[PDB]
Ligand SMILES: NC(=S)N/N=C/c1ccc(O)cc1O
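Consider the single chain below, provided in structure tokens and representing the form solved without this ligand.
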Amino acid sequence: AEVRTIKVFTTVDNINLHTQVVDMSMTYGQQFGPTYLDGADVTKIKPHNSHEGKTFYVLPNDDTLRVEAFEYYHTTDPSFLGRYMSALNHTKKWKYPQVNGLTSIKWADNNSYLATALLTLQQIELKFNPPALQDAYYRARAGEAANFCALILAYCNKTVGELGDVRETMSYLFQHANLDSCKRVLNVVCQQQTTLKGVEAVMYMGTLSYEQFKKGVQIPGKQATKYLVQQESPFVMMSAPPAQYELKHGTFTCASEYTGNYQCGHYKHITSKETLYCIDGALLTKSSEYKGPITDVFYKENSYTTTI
């Protein structure tokens, strides 16, 4: 016969390249195991002349690739890279319009939760620990958000099409961020002080109102009053089961609204600027106040000490 070869590069992080000489009579799968080209699964495809010099993603199946993969992604989940490529093959087809100066996402594949989460990140002070999220988030800020969206889906174990919860998505992103400074001190009355650190310092479930949190809130044999003693964080995220709630200009940073039923609904994003903007993927509307089924509100913070 004839024995044709081309040079290609393999990678796990798209920075460190590994020279390979491949045989054009055999599948990528036969030579590398699972192989991807900008998200497309090429496992079962033979190399084409047009592939010469291109970078393919492979699985971290030896020690060089494992160390590179862990240093870049901070995960040893063996399905991670497959899940990332699968998502990226869809997210690179989404549109990321600039809406009121923020990178949003045009509705597709039930992605409203991601669009609100992405708009929220652009309004709060947060730095990611994995280089993969640092690099993708920098590009997402500049308007090329496909990698960042595909990484969020991979790190949160969501496939394209699956509706997620904004609070849970933010929770997972927060676990991969530098929130070590963050500290909350609470008191309860039936006294009992507690101290929360990192992610648990910036999140509360039960009330949307930061004001109401500082004054105190009823909770579980009769009732008890919980209130905010001290807060050290650049923001706080107040969450509750979706319920009609009134948002007013200048009283909050941003918020997520959830309409519809369990596992069949739609998020919109409200931002407080010169007035209230409702951002619904590519869609933009304004009002002086906003009433809706709110589930999350974000507030700016630095340092707070009670006067109780």
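Numbers for residues come from their place in the sequence shown, where the first is 1.
The same protein also exists as the form solved in complex with this ligand; that form is not shown, yet it is the one meant from here on.
- Each of 60, 70 and 81 is positioned with at least one heavy atom within 4.5 Å of this ligand in the entry with it bound.
- With the partner left out here, this ligand still marks one of 120-128, 141-149, 93-101, 71-79 in the entry with it bound; by a 4.5 Å heavy atom cut-off that stretch is 71-79.
- Only one of 46, 249, 51, 66 lies close to this ligand in the entry with it bound, with a heavy atom inside 4.5 Å, and it is 66.
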